[PDB]
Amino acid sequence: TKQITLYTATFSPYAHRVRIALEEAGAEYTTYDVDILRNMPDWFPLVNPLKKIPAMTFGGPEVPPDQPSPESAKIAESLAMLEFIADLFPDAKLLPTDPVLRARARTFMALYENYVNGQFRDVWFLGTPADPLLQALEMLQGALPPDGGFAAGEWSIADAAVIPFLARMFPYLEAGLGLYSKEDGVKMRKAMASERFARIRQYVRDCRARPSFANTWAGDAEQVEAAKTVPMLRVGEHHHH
């Protein structure tokens, strides 16, 4: 019954994770957009002392999001939130019940967070070389069940964790967003269209076809525009190696 408020922004794949999970859970919840990159509200550190989105409040009296209550629990870090929503809504089966299959979900989230996420971050924001990102994506793709299905078989929070980032890659590449070189943009677009990455393309289509994605996605062109408001995605800067 306790209220959930998620502080969010359209561009953010980290925040997107949690919106997907809340939709899959069937939760009642409130979202509130926060201009974290240009004009952080003075009250925002009350909901997240790290000053990052997503931020979540849970419980406490029902209050406007821009007047957060000291009585609400303040939850930070998107993966903690995913596990939290799975704990709050056990009937939604946001994780398998079998411990080995639950471990496949946790492993997949850790493979993404530890080996892929940092490569997306560095290729897009620093223009580092794309080959180690493609290698990491090939590794992640190898963790998927070969025949189809999601990271742990049935849909789970592991797929909420990963699809925001993978789903952004294709339209960001097409719009030329990111500090990588022309040569690496070509390299990545060809690779992600190649037979080498057929399995992850089907995974992306399968995650995107779910209502939890459709109802938390502004559309490809609108997300690209959101992303162009990010200062670190400086138009006109590219790095070469």
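For clarity, a rigid core is taken as the largest C-alpha set superposing within 1.5 Å between two forms. Numbers for residues come from their place in the sequence shown, where the first is 1.
When the other structures are laid on the shown form by the rigid core, the stretch among 30 to 38 and 193 to 201 with the greater C-alpha deviation in 8 other deposited structures of this protein turns out to be 30 to 38.
Across the superposed structures in 8 other deposited structures of this protein, aligned by the core, the stretch whose Cα atoms lie more distant on average is 228 to 236, chosen from 228 to 236 and 12 to 20.
For the pair 4 to 12 and 232 to 240, the mean B factor over Cα atoms is greater in 232 to 240. Here the stretch with the larger average CA B-factor, out of 89 to 97 and 107 to 115, is 89 to 97. Between the residues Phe165, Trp155, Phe170, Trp124, it is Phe170 that shows the highest Cα B-factor in the PDB record.
The entry assigns its greatest Cα B factor, within the set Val204, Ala198, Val63, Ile53, to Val63.
In the PDB entry, a CA B factor belonging to the highest third of its chain's modelled residues is recorded for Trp43. For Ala25, the recorded CA temperature factor ranks within the middle third of the chain's modelled residues.
In this PDB entry, the Cα temperature factor of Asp159 sits in the bottom third of its chain's modelled residues, the lowest group.
In this PDB entry, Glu83 carries a Cα temperature factor that places it within the lowest third of its chain's modelled residues.
Per the deposited record, the Cα B-factor of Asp131 falls in the middle third when ranked against the other modelled residues of its chain.
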